[PDB]
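Since the structure comes first, as structure tokens, the remarks are kept for the end.
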Amino acid sequence: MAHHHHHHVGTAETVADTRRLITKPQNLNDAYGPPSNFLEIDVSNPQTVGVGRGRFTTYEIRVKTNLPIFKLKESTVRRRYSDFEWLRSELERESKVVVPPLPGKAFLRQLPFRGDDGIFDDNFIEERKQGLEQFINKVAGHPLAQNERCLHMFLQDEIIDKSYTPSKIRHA
């Protein structure tokens with residue numbers, strides 16, 4: 001039914017034998033360029049989406065690339081700082097990714113408050129934005145990171161799924 005090893009699609013010439021062939025991990029392939037590729041990500045376009053007690057601001061992650069991992073080459077998602085955090089540590093969990101420290105403990109004791117912490121203020125937001133996009137362009141552009149499934153959820157699909165598969169971008 002769904003799983004079938006018999007096929008006569010199109011012009012049938014070869015039959016459903018085994019012969020040899022085999023399907024083994026042949027490492028990374030070639031398509032656009034080396035695993036470095038060209039890469040340009042921008043976290044920005046904030047949305048303060050949350051509750052009066054616990055309101056958070058989401059960031060839109062914009063990316064253009066010809067990376068063989070990124071799949072869509074160039075797309076945009078939107079998720080919150082808390083997802084960046086777990087993305088950071090996830091890359092540090094089982095890989096030696098160049099993951100840098102998150103932007104914080106800086107502008108907070110630098111700016112006013114007003115919006116509880118000041119997160120409702122458009123100055124602070126971009127102050128975290130600038131560093132968060134700095135952060136991401138590394139963790140989302142480094143060999144080890146392109147090798148961690150964490151990037152698949154961050155740059156691709158729609159959102160970071162906190163129940164995803166803890167493995168590499170390349171799957172068997």
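Each chain in the structure tokens gets a letter, A, B and so on, in the order shown; residues start at 1 in every chain, and ligands are counted from 1 in the order they appear.
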
List as CSV every residue of region 76-111 of chain A that is in contact with region 54-61 of chain A, defined as an atom at most 10 Å from one of its atoms (using only C-alpha atoms), together with the nearest atom pair and the distance in Å rounded to one decimal, sorted by chain and then rising number.
```
residue,atom,partner,partner_atom,distance
A:76,CA,A:61,CA,5.4
A:77,CA,A:61,CA,5.2
A:78,CA,A:60,CA,3.9
A:79,CA,A:58,CA,4.9
A:80,CA,A:58,CA,3.9
A:81,CA,A:58,CA,6.7
A:82,CA,A:56,CA,9.0
A:83,CA,A:58,CA,9.3
A:84,CA,A:59,CA,9.6
```

(message) Which of region 113-144 of chain A end up as alpha helix (DSSP H) when DSSP is run on this backbone - answer as a PyMOL selection string?
(response) chain A and resi 122-139

Where does region 18-104 of chain A meet region 143-147 of chain A within 8 Å, residue by residue, with the nearest atom pair and distance in Å to one decimal for each, counting only C-alpha atoms, listed by chain and rising number, as CSV?
```
residue,atom,partner,partner_atom,distance
A:35,CA,A:143,CA,6.7
A:36,CA,A:143,CA,7.0
A:69,CA,A:146,CA,6.5
A:91,CA,A:145,CA,6.2
A:95,CA,A:144,CA,6.2
A:96,CA,A:144,CA,6.2
A:97,CA,A:144,CA,4.8
A:98,CA,A:144,CA,7.6
```

How would the residues just picked look written out with C-alpha atoms as a compact mmCIF listing (two decimals), in the first residue's frame?
```txt
# COMPACT_ATOMS: atom_id res chain seq x y z
CA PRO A 35 29.48 24.33 4.05
CA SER A 36 30.48 27.94 4.71
CA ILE A 69 21.24 22.64 5.22
CA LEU A 91 24.29 23.89 19.96
CA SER A 95 28.50 20.09 19.53
CA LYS A 96 31.49 22.38 19.64
CA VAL A 97 29.58 25.15 17.93
CA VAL A 98 31.06 28.64 18.12
```

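Nearest-residue note for residue 50 (chain A): choosing from A:125, A:119, A:63, A:139, the minimum distance belongs to A:119, counting only C-alpha atoms.
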
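As for CA of residue 40 (chain A) and CA of residue 135 (chain A), they are spaced 12.2 Å apart.
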
(request) If you run DSSP over the backbone, which residues in region 3-170 of chain A end up strand (DSSP E or B)? Put them as a ChimeraX atom specification. (result) /A:39-48,57-65,74-80

(message) Env of residue 37 (chain A): 9 Å cut, atoms = only C-alpha atoms, seq-sep filter 3 positions within chain, self excluded. Answer as number ranges by chain.
(response) A: 32-34, 65-68, 141

Convert the current residue selection to file output with N, CA, C and O atoms, as a tab-separated table (two decimals), in the first residue's frame.
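The resulting file, again_30.tsv, is shown below:
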```tsv
chain	number	residue	atom	x	y	z
A	32	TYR	N	25.68	24.01	-4.21
A	32	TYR	CA	25.91	25.44	-4.35
A	32	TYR	C	27.35	25.79	-4.01
A	32	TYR	O	28.03	26.48	-4.78
A	33	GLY	N	27.81	25.32	-2.86
A	33	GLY	CA	29.15	25.63	-2.41
A	33	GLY	C	29.52	24.89	-1.15
A	33	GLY	O	28.72	24.11	-0.63
A	34	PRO	N	30.75	25.11	-0.66
A	34	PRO	CA	31.23	24.57	0.62
A	34	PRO	C	30.33	24.95	1.78
A	34	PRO	O	29.61	25.94	1.71
A	65	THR	N	20.48	32.61	1.91
A	65	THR	CA	21.63	31.73	1.81
A	65	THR	C	21.49	30.69	0.72
A	65	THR	O	20.40	30.46	0.20
A	66	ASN	N	22.61	30.09	0.36
A	66	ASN	CA	22.60	28.93	-0.51
A	66	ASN	C	23.16	27.72	0.23
A	66	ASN	O	23.74	26.82	-0.37
A	67	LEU	N	23.02	27.75	1.55
A	67	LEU	CA	23.41	26.64	2.41
A	67	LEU	C	22.62	25.37	2.06
A	67	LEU	O	21.42	25.43	1.84
A	68	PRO	N	23.30	24.21	2.05
A	68	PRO	CA	22.66	22.93	1.72
A	68	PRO	C	21.82	22.40	2.87
A	68	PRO	O	21.06	21.44	2.72
A	141	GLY	N	25.68	30.02	11.41
A	141	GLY	CA	26.57	30.08	10.27
A	141	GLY	C	27.85	29.27	10.46
A	141	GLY	O	28.71	29.26	9.58
```

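In terms of minimum interatomic distance to residue 117 (chain A), A:53 ranks closest within A:19, A:92, A:131, A:53, counting only C-alpha atoms.
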
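One distance worth recording is that between CA of residue 62 (chain A) and CA of residue 31 (chain A), which is 22.3 Å.
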
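Distances from A:25, A:130, A:30, A:52 to residue 116 (chain A) were compared using only C-alpha atoms, and the smallest one belongs to A:52.
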
(message) I'd like the contact shell of residue 90 (chain A) - 10 Å cut-off, only C-alpha atoms, skipping same-chain residues fewer than 2 positions apart - returned as a list in words.
(response) residues 84, 85, 86, 87, 88, 92, 93, 94, 95, 97, 99, 145, 148, 149, 150, 151 and 166 of chain A

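The smallest atom-to-atom distance between residue 28 (chain A) and any of A:108, A:1, A:102, A:169, using only C-alpha atoms, is found for A:169.
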
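With only C-alpha atoms as the atoms that count, the minimum distance from residue 72 (chain A) to the choices A:126, A:157, A:22, A:7 is reached by A:157.
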
(message) Under the rule that only C-alpha atoms are counted, which of A:128, A:13, A:3, A:133 is the nearest residue to residue 106 (chain A)?
(response) A:128
